[PDB]
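Visitor: Build me a model:
(chains A and B)
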Amino acid sequence: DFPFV
Amino acid sequence: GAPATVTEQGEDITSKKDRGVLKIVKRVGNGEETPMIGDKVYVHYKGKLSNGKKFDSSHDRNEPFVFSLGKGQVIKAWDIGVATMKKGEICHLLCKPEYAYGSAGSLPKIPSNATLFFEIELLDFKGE
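Guide: Residues are numbered from 1 along each chain as shown, chains lettered A, B, ... in the order given. Right below this line is the structure:
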């Protein structure tokens, strides 16, 4: 997930 | 340590002046120009949680993280913070959850309502 969103 | 120091000694770089993103410049970069909106930015980073755990590092992957600045592809703190950086700069950012992952968090490592610490190096920026 990180560092997207 | 470094998270405490940026918490207590950082500069507020938010437009709202709400202390949601604090910054210290650790290594001064080159000239005066910062990236512009939509540029491809190349960064190295290390992120720590407020329990002291490291949750991510690009150095450990042997490749930089690349994104388009100002497009909401990353947490708000990174769009705001990287936009203030010069090429070759290293900074510390201290990010409240409203400029990160909020109440949702982010599996696997980032809890709800998490304040995050980053060390970011801006390697390069280019228009497309």
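
Visitor: Just give me the neighbour total for residue B:24.
Guide: Residues lying near residue B:24 (other C-beta atoms under 10 Å in any protein chain shown) number 16. For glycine as for every other residue, the C-beta is placed from the backbone atoms N, C-alpha and C.

Visitor: Pull up the gap between the residue in chain B that chain A sits nearest to and residue B:20, please.
Guide: Among all residues of chain B, residue B:106 sits closest to chain A, at 4.3 Å; criterion: C-beta to the nearest C-beta. Distance of residue B:106 to residue B:20, given as C-beta to C-beta, to the nearest Å: 17 Å.

Visitor: Sticking with residue B:80, tell me its helix or strand.
Guide: With elements taken from DSSP states H and E, the one containing residue B:80 is helix B:76-83.

Visitor: Wondering if that helix reaches chain A at all.
Guide: Yes - for helix B:76-83, a contact with chain A is found by C-beta under 8 Å from any C-beta of the partner chain, at residue B:78.

Visitor: what's downstream of that helix, the next helix or strand?
Guide: Going down the chain from helix B:76-83, the next helix or strand is strand B:90-95, by DSSP H and E.

Visitor: Name every strand pairing with that next one and say which way it goes.
Guide: strand B:21-27 (antiparallel), strand B:116-126 (antiparallel) (DSSP bridges).

Visitor: Alright, that wraps it up for me.
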